[PDB]
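A.B. asks: experimental coordinates follow, after the sequence.
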Number of protein chains: 2
Amino acid sequence: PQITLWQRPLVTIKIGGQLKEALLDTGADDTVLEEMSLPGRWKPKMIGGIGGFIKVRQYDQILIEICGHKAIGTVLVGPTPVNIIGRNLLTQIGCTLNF
Amino acid sequence: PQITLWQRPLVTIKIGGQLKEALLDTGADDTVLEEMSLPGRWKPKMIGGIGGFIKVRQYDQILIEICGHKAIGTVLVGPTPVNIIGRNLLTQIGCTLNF
Ligand SMILES: NC(=O)c1ccc(S(=O)(=O)N(Cc2ccccc2)[C@H]2CNC[C@@H]2N(Cc2ccccc2)S(=O)(=O)c2ccc(C(N)=O)cc2)cc1
Ligand SMILES: [Cl-]
Ligand SMILES: [Cl-]
Ligand SMILES: [Cl-]
């Protein structure tokens, strides 16, 4: 699709079999979801937000669908203001900014 | 332009006679710049996300040029770690997400 930005670009994602609402965030380098169960081992990751850096859990090679587009990549889990699809997965699904 | 998300979508803007680098950020409702002077009235606001909240000054009806595109809108000014062009101005230059 072509998504305008008059409203937040909230889309449905599917991960671990569940539908969730997430924000397409080109300012986020990474993908960070609210606390959830993901398979496997995780590694530590620091993400720098507006108020400073925080520790989150990094899970690699996770299947996630974004508006029906299948992706497999790194998903961080932590206390994000909203589920966020950041550039790692936006790139994967072929998303660009256009004006 | 069509801007890839392999890297951060950093652009040059011109605001208040200053040339700055800023991130095209679809996750940001409003534009947020590092401390600078702007003309006119302002009112305080708090904005936040990962790591917490910061206080900013909200200036409305500010002229920004983004990639040669003029746009008018609110600019939040405060101790942000990165200059952000949010949806309030992305819309004005006709910026969309595309995949
Ligand atoms: N209310 C408003 O207008 C408003 C609020 C908040 C801001 S913001 O400054 O925080 N801002 C820009 C920014 C800040 C720091 C670095 C790059 C970009 C958010 C938009 N894009 C990412 C930011 N974040 C996501 C977010 C915050 C709030 C609402 C929706 C989305 S986040 O939680 O800092 C985060 C950071 C980084 C990562 C990562 N590494 O993936 C994930 C999450 C601007 C405006
Ligand atoms: Cl840890
Ligand atoms: Cl990835
Ligand atoms: Cl505005």
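C.D. replies: Done, it's in. Numbers count the residues shown, from 1 in each chain, chains lettered A, B, ... in the order given. Ligands and ions are numbered 1, 2, ... in the order given.

A.B. asks: dump the residue contacts of the closest residue to residue A:30 other than its chain neighbours.
C.D. replies: Using CB to CB, 6 or more residues apart in numbering or on different chains and skipping the chain neighbours, the partner closest in space to residue A:30 is residue A:86 (4.5 Å). In this view, the C-beta of every residue, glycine as well, is placed from N, C-alpha and C. Under the criterion of CB atoms under 8 Å, 6 or more residues apart in numbering or on different chains, the contact partners of residue A:86 comprise A:25, A:26, A:27, A:28, A:29, A:30, A:31, A:32.

A.B. asks: can you find the residue of chain A that comes nearest to ligand 4?
C.D. replies: Nearest to ligand 4 in chain A, going by CB to the ion, is residue A:6, at a distance of 11.1 Å.

A.B. asks: run a quick neighbour tally on that residue.
C.D. replies: For residue A:6, the tally of surrounding residues (other CB atoms under 10 Å in any protein chain shown) stands at 10.

A.B. asks: do the same with residue A:61
C.D. replies: A total of 10 residues lie near residue A:61 under the criterion other CB under 10 Å.

A.B. asks: state the distance from it to residue A:71.
C.D. replies: Residue A:61 sits 11 Å away from residue A:71 when distances are taken as CB to CB, to the nearest Å.

A.B. asks: got it, and residue A:37?
C.D. replies: In this structure, residue A:37 lies at 19 Å from residue A:71, with CB to CB as the measure.

A.B. asks: these two: who's more crowded?
C.D. replies: In this comparison of residue A:37 against residue A:71, neighbours counted by other CB under 10 Å, the higher total goes to residue A:71 at 20 against 7.

A.B. asks: residue contacts, that one?
C.D. replies: Contacts for residue A:71 were tallied using CB under 8 Å, 6+ apart; they are A:63, A:64, A:65, A:89, A:92, A:93.

A.B. asks: which residues do residue A:61 and residue A:71 both contact?
C.D. replies: Residues touching both residue A:61 and residue A:71 by CB under 8 Å, 6+ apart: none at all.

A.B. asks: residues in contact with residue A:62?
C.D. replies: Contacts for residue A:62 were tallied using CB under 8 Å, 6+ apart; they are A:15, A:38, A:39, A:72, A:73, A:74, A:75.

A.B. asks: give the buried residues for the host helix or strand of it.
C.D. replies: If you go by DSSP states H and E, residue A:62 is part of strand A:52-66. Within strand A:52-66, the residues that count as buried by 16 or more other CB atoms under 10 Å in any protein chain shown are A:54, A:56, A:57, A:58, A:59, A:62, A:64, A:66.

A.B. asks: in CSV, list those along with distance to ligand 3.
C.D. replies: Below are those laid out as CSV (distance: CB to the ion, whole Å):
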residue, distance to ligand 3
A:54, 19
A:56, 14
A:57, 15
A:58, 10
A:59, 10
A:62, 9
A:64, 10
A:66, 12
